[PDB]
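One chain follows as structure tokens, the form deposited in one PDB entry.
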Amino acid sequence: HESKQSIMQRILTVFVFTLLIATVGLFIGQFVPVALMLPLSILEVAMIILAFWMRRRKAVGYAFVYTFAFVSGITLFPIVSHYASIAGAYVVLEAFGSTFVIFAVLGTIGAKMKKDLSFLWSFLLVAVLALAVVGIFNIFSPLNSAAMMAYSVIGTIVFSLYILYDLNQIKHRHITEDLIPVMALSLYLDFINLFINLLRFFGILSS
């Protein structure tokens, strides 16, 4: 019989594996010919939309989540390479570093705090959808640096709050073992979207 603790530990274990697998994917993605990379603006907003779409009470399996992590890692190279090119490759380390401690701190707080943050659910969904709208607008009417920097600040706040919220709800809600992959999937998309936002912000800032 599972405990709240074991279920949490299993979700976090899967989550860490998704990060490792995405990193392998990122490494492979460097070998994709430029003429076979999707446009930056399309990839950036695709991850936001995926963050929304994958947030369902539907039991996806480990195969989907791990494969998703592998392929999204491959497809995130053009984003990493773009911001590296305008600001140096060190900004990739900076962005990852910041994303890591933010997730680590907010996830720990969310999972340990007594307050139930469920009321945030509708606010957060609206916010991510708003980020999606702007990301789509950006495709057809490119935002300038100042606007894109402000876009990344909002996104940073939204996904940082989602990390606090997600770990909190994993503790507070009834999470069965079959929901383990989909929970880790949401954490992975929290991480990658926060990373994209911070990468973009710091990239543009030091460009």
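Note that the rigid core is defined as the largest set of C-alphas that superpose within 1.5 Å between two forms. Just count from 1 along the sequence shown to find any residue number.
There is another form of the same protein, the form deposited in another entry; it is not shown, and what comes next is about it.
A.B. asks: Choose, among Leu26, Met148, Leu50, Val158, the residue with a C-alpha displacement of 2 Å or more between this form and the one not shown when the rigid core is used for superposition.
C.D. replies: The displaced C-alpha is that of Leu50.
A.B. asks: Can a Cα shift of no less than 2 Å be assigned to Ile175 between this form and the one not shown, given superposition on the rigid core?
C.D. replies: Where the cores coincide, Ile175 shows only a C-alpha shift between this form and the one not shown that is less than 2 Å.
A.B. asks: Is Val60 one of the residues whose Cα moves 2 Å or more between this form and the one not shown, with the core superposed?
C.D. replies: No, because once the rigid core is superposed, the C-alpha of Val60 moves less than 2 Å between this form and the one not shown.
A.B. asks: Does the C-alpha of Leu40 move 2 Å or more between this form and the one not shown once the rigid core is lined up?
C.D. replies: Where the cores coincide, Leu40 still shows a C-alpha shift between this form and the one not shown that is 2 Å or more.
A.B. asks: Any idea whether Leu40 and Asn138 get closer or farther by CA distance in that other deposited form, knowing it moves 3 angstroms or more?
C.D. replies: Relative to the displayed form, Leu40 and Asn138 move farther apart in that other deposited form - a change of at least 3 Å between their C-alphas.
A.B. asks: Relative to the form shown here, do the C-alpha atoms of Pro39 and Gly135 sit closer together or farther apart in that other deposited form, given a change of 3 Å or more?
C.D. replies: Relative to this form, farther apart in that other deposited form.
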